[PDB]
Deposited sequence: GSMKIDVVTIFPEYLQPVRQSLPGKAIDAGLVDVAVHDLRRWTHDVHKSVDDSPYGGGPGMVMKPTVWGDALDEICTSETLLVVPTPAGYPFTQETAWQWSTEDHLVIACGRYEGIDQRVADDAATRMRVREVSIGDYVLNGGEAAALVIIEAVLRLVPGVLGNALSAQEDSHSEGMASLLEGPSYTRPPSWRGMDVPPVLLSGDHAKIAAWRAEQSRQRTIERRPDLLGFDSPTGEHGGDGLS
């Protein structure tokens, strides 16, 4: 049973998540994903969420006072506060597994140059905070990271949603002049397993030598 709150200035971007949630899991009370517009917590008529960076430089920084109020309302001491950032610790499958048993994730999605660092630093004095990155590329903000994190985590919650895997095949046995490897149709399941292991080994060497 997990609650996920996502805070973002683009709530419509989190649409694919609510599109991916089965009725059975929601109705059984296994999962609830709520998305919140950060501007609900702005102080001014212009609904300002950003301001110039101290020390200069390009772009804008998200205001701590707005985020502070949002997190004050949404988080409790039991919350796991997840902050996507390109400077984060790596989000991996081990992370997803660890987080899959949490009662409450709050995902704070930044835009512009990111969120004033005091927001996470203050939050970390009263709850668990995790700054993470989903990979070594640059996005426009945290929303796409949130989509990935939510999917990777929730698919590990029963009933909610190393070597590389080698090639897979299904019908038809011959297609555009390419036959399924005969070993797969041999009924020699020890040989099939060894063939698959070697395919996995080869693929890992070629594509992900960093894993060996």
| property | result |
| --- | --- |
| Deposited sequence positions missing from the model - stretches, numbered from 1, in order | 1, 163-178, 230-244 |
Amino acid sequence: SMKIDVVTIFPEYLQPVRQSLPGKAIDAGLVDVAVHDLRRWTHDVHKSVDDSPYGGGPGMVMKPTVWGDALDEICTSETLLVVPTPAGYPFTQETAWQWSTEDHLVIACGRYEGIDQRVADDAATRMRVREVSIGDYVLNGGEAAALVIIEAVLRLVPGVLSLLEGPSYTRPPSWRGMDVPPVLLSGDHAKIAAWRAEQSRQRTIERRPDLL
From here on, numbers count along this sequence of modelled residues.
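For clarity, a rigid core is taken as the largest C-alpha set superposing within 1.5 Å between two forms.
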{"property": "More variable segment, 97-105 or 111-119 [Cα RMS over structures in 9 other deposited structures of this protein, core-superposed]", "result": "111-119"}
{"property": "Segment of greater CA departure in 9 other deposited structures of this protein, 150-158 or 33-41, core superposed", "result": "150-158"}
{"property": "Third-or-more of other entries without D27", "result": "yes"}
{"property": "Higher-B stretch (mean Cα B-factor, as the entry records it), 181-189 or 162-170", "result": "162-170"}
{"property": "Residue range whose averaged C-alpha B-factor is higher in the record, 122-130 or 95-103", "result": "95-103"}
{"property": "Selection by C-alpha B-factor (highest) of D27, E151, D69, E143", "result": "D27"}
{"property": "From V49, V157, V35, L147, residue of greatest CA B-factor", "result": "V157"}
{"property": "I4 - which third its CA temperature factor falls in, relative to the rest of the chain", "result": "middle"}
{"property": "CA B-factor placement of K63, once the chain's modelled residues are sorted into thirds", "result": "lowest"}
